[PDB]
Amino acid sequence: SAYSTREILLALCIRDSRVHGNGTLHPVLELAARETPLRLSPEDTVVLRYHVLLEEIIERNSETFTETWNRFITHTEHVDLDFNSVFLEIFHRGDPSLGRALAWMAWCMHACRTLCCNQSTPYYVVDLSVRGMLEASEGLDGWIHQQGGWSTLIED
């Protein structure tokens, strides 16, 4: 019953945090998990499966992800608004697909990864980014619902 994009992205970010940098979980992510509240385990089978797909996407498109992210983060003032802006730019027509979703979620996870590992990123930047990605991503909920949830979506 994986019908919450906020929860699956949050659980994916937490799983990713264990595989990267110094391992330890950024307090922004711990607070997001408490507030949601996050009911998915970072070890749930659906999180594990998506994590494998998102990692492949990040590896295959690493140059593009680095370069788009770098251009994104040059302006940190309104990161929360800009995440919504990019999300809505991709999906506003109301024609989502598995690949568009996966690209988006891969991009978000990559961002979190780049932000949380770097000791020279200010707290408030990490906070706005996480809050921004999670809030923007809730836009996929209605579409994922129609598809029978995140779990059903990769069955085909």
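Residues carry their position along the shown sequence, with the first being 1.
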### 40-48 versus 119-127 - greater average Cα B-factor per the deposited record
119-127
#### Entry: Between 108-116 and 24-32 (mean CA B-factor, as deposited), the higher
24-32
### Task
Report the option among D95, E89, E56, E63 whose CA atom has the maximum B-factor in the deposited record.
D95
### Message
By the recorded C-alpha temperature factor, relative to the other modelled residues in its chain, which third is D80 in?
### Response
middle
### Position of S4 among the chain's modelled residues by C-alpha B-factor, lowest, middle or highest third
middle
### Query
Looking at the C-alpha B-factor of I144, is it in the lowest, middle or highest third of its chain?
middle
